[PDB]
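A.B. asks: Provided herewith is a single structure, encoded as structure tokens, for subsequent inquiry.
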Amino acid sequence: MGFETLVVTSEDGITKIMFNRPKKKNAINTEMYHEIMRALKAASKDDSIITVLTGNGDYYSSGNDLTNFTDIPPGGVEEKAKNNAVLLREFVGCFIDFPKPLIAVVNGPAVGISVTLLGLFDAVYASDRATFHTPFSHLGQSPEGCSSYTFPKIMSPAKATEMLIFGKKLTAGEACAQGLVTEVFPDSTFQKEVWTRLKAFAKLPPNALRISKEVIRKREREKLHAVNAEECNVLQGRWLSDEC
Amino acid sequence: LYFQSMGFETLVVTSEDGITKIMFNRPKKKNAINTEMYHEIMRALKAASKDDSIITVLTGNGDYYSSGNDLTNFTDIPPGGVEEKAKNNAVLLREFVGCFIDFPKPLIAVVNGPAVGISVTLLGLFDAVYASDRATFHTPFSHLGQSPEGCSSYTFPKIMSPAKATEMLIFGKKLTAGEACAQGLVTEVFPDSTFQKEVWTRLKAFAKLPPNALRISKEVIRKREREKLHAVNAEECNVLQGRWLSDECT
Amino acid sequence: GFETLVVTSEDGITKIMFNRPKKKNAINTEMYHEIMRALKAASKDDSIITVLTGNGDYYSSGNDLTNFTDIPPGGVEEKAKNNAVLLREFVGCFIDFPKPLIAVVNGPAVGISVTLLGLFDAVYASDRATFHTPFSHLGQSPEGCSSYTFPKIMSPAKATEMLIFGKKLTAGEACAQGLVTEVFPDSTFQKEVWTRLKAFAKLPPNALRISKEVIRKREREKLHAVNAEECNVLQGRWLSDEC
Ligand SMILES: [Cl-]
Ligand SMILES: [Cl-]
Ligand SMILES: [Cl-]
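Line order of the protein sequences matches chains A, B and C. Heads up: the first sequence is residues 7 to 250, going by my numbering. Heads up: the second sequence is residues 9 to 258, going by my numbering. Heads up: the third sequence is residues 2 to 244, going by my numbering.
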């Protein structure tokens, strides 16, 4: 351990996974996908009670890196699409499957896939200078991260559409109101308050946390995986299109 | 098919800026939906579904969004009596709701004033709902001895939480625009004086987005769910047929 | 004829009142049985509307701690299996109740008495009511269908702070998060709720019952399956080191 694009630390029964490309506003590139997956696969097995994701610097994440498309393979755009789809599908699935309580500490602006995944977390704490933006249809794409299913359930289809289809950008307050964020904190004391709270959580009976989440999450996974898959076919097609 | 605007008796249907605008137009009768308007609304959507607008809006003329079903749809009695009137109204309603379940473009309600009954329950099928601060929402079904429809027995609990949906479908609490926005039914409320302006500016923008992206995105959200909604619709209609032949309705 | 409840019927409203105010209305083995018999009764009688409420200062403190300590001939193995069967059957009554069901939350609520709220048709609370499900704190898993209903009602984000991390909600929070229908100031709480309920009871009776039926029926089979699953996982949690 061992990471180029992340900083993975483990203290107090809390594994903290920190995006670490602050220069590029924590954009998620092909390597970071793989690293995130390995970090979660690792934290799912270790003996931490609780797993956090957060961003280094001013951004939570700007979502997918624009350079994941431009690197072109031997089978042309046909194969790059199919390869990205496979990777994405697998990537989302790790979140669907993660067995321990998973928490997002949103430290600043979030975009794209980093936002859509938030529907799979167990809690989401945000600073009052975080924002949430999924401008999919602006860039000719469809939703992913299961968001086509989770976001209507969480926000109401009325509010979900303004965001997935019309690309409205939410403030932390709005996102909290619309169910996406668990709580907002003023920026100055953001880091302190979350961590105090997380530390307490990590002191709760460990199998109880793991089993409780199991009961809430299990019955629902098969559906999510099927949504993931469907989302990915539609996304593969969207990438080979004139509008993208 | 049609060129810029379509000939209807109870509606005004126009197409401008990749937006198809369907307006209820019986402002004298608070835009009450009568048998003819049902048919026209279906033909209007069928049209908007096939033309080359990006976005479809539903709105009311005058002060009301709609008062819901027209009371005069019951009194016009056929040769088979109330038995057949009920069966016919149940068939029409089922088919009518179905159009909304199946509509493939983004569908938006511009609620310019008080909405009632079917005009409210159908809101659970829309993609956005923008309301003026003097819009209200009211579904007093059980008060007139009836059961819910528009898929609202499924969508309203999902959207509002069963706790809040019941005060509305079962106990006929009327909501203000702000309440309805808070409870998930309305996307956004606007002050009346600037309501029309604001909504249309925003809509014009939306219409400028990549057309196939909007259509495909909606499809991904909406498709896996239709089969269930059609089932709910069907079930709501049988239960409603029954309710119309009962003592509590008269 | 009830030991732990007070069941009355007036104005087409059946009122079921928890009545162990000395013990903060804790639900013991007997009260489970009585609540079931009371509902089974109210389901068949000619009331339009059924209310649950608490005597005294508490709505309910949830399960009584003395339901575990009374030990049977088959040891902890059988106690667990019996409690699981009872609980499953008990929750089922709420899943199945056919008339409109309303909780008048007069004060603090805990545990099973909170989780069941996801099954009610309305929930009116006094501004001094609170809602707390500290399951994982006592090494247990959720029940009352709450592992399914609470994410649907509150959003998984907010449901988790409650079922997994045991955050205690105030009535205002609970109302905001979708759990409670409306909050009333304590001084006029009783008055206001009953006025409203008396009105509701004057609505066309079959319309109420049929409307509820249309909202609720398609959804029961799932809830029963959730209830069952929740109970097996709970049985296991009782035979564990963390409990
Ligand atoms: Cl990718
Ligand atoms: Cl009709
Ligand atoms: Cl028990």
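Cβ atoms here follow ideal geometry from the backbone N, Cα and C, with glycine treated the same way.
(1) Given a threshold of 16 other Cβ atoms within 10 Å of its Cβ, counted over all protein chains shown, does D64 (chain A) qualify as buried or as exposed?
(2) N74 (chain A): beta carbon under 7 Å from a heavy atom of ligand 1?
(3) Listing by chain order, which chain B residues have their CB less than 8 Å from the CB of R244 (chain A)?
(4) So, with DSSP's three-state summary, where would you put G158 (chain B)?
(5) Any heavy atom of ligand 2 closer than 7 Å to the beta-carbon of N77 (chain B)?
(6) Starting from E17 (chain A), trace the beta strand (DSSP E) in both directions and tell me its first and last residue.
(7) Mind listing the chain A neighbours of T161 (chain C)? Cutoff is C-beta to C-beta under 7 Å, in chain order.
(8) Is the Cβ of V65 (chain B) closer than 8 Å to any Cβ of chain A?
(9) Got a sec: is the Cβ-Cβ distance from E220 (chain C) to anything in chain A below 8 Å?
(10) Buried or exposed for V86 (chain C), please, with buried defined as at least 16 other CB atoms from any protein chain shown within 10 angstroms of its CB.
(11) Please identify the residue among C:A226, C:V111, C:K16 whose C-alpha is closest to the C-alpha of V105 (chain C).
(12) Exposed or buried, what is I72 (chain C) when buried is set at 16 or more other beta-carbons lying within 10 Å of its beta-carbon?
(13) Who does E183 (chain C) pair with in a DSSP beta bridge?
(14) Hey, which residues come within less than 5 Å of ligand 1, measuring from Cβ to any heavy atom, in chain order?
(15) What number of angstroms, rounded off, separates the C-alpha of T83 (chain B) from the C-alpha of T258 (chain B)?
(16) Taking DSSP's pairing of strands, which residues face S169 (chain B) in a bridge?
(17) Can you name the residues of chain C whose CB is closer than 9 Å to the CB of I178 (chain B)?
(18) Between the C-alpha atoms of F203 (chain B) and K113 (chain B), what's the straight-line distance to the nearest angstrom?
(19) I'd like to know if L180 (chain C) contacts chain B, where contact means its C-beta is closer than 8 Å to some C-beta of that chain.
(20) Note down, one range per segment and in chain order, each alpha helix (DSSP H) of at least 4 residues found wholly within the stretch 57 to 142 of chain C.
(21) Pop quiz: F149 (chain B) and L193 (chain B) are said to be a contact at Cβ under 8 Å. What is the actual Cβ separation, rounded to whole angstroms?
(22) Less than 8 Å between the C-beta atoms of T60 (chain A) and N26 (chain A), yes or no?
(23) Once the 5 residues before and after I178 (chain B) are set aside, which same chain residues still bring their CB inside 7 Å of it?
(24) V240 (chain A) versus chain B: which residues are under 7 Å apart at the beta carbon?
(25) Do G180 (chain B) and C159 (chain B) have their C-beta atoms within less than 8 Å of each other?
(26) Are the CB atoms of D135 (chain B) and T167 (chain A) within a distance shorter than 8 Å?
(27) Does the beta-carbon distance from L6 (chain C) to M32 (chain C) come in below 8 Å?
(28) Using a cut-off of 9 Å between C-beta atoms, extract the partners of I102 (chain A) located in chain C.
(29) Among the candidates B:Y162, B:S140, B:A215, B:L53, whose CA atom is the shortest distance from the CA of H238 (chain B)?
(30) Between the alpha carbons of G2 (chain C) and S10 (chain C), how many angstroms are there, rounded?
(31) Need the endpoints of the beta strand (DSSP E) that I17 (chain C) sits in, please.
(32) For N32 (chain A), which residues from the same chain have a beta carbon less than 6 Å from its beta carbon, with the 5 sequence-adjacent residues on both sides left out?
(33) Find the nearest neighbour of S254 (chain B) within the set C:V227, C:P205, C:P152, C:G112, judged by alpha-carbon distance.
(34) Quick check on residue 315 (chain B) - is its C-beta less than 8 Å from some C-beta in chain A?
(35) Listing by chain order, which chain A residues have their CB less than 8 Å from the CB of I27 (chain B)?
(36) State the CB to CB distance for the pair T182 (chain C) and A123 (chain B), rounded to an integer number of angstroms; the pair is presumed to be in contact (CB under 8 Å).
C.D. replies: Quick look at the numbers:
(1) exposed
(2) yes
(3) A221, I224
(4) coil
(5) yes
(6) 12 to 17
(7) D128, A129
(8) no
(9) no
(10) exposed
(11) C:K16
(12) exposed
(13) C:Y125
(14) A:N90, A:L93, A:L94
(15) 12 Å
(16) In DSSP, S169 (chain B) forms no bridge with anything.
(17) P101, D122, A123, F201, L204, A208, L209, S212, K213, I216
(18) 23 Å
(19) yes
(20) 67 to 70, 76 to 97, 113 to 116
(21) Between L193 (chain B) and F149 (chain B) the Cβ distance is about 16 Å, and since that is not below 8 Å, they are no contact.
(22) no
(23) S150
(24) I224, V228
(25) no
(26) yes
(27) yes
(28) Residues of chain C passing the Cβ test: none, with the nearest at roughly 13 Å.
(29) B:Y162
(30) 13 Å
(31) 14 to 19
(32) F25, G61, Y65, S67
(33) C:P205
(34) Only positions 9 to 258 of chain B appear in the structure, and residue 315 (chain B) is not among them; the question remains open.
(35) Those within 8 Å of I27 (chain B) in chain A number zero; the least Cβ separation is about 14 Å.
(36) Rounded, the Cβ-Cβ distance is 22 Å, inconsistent with contact.
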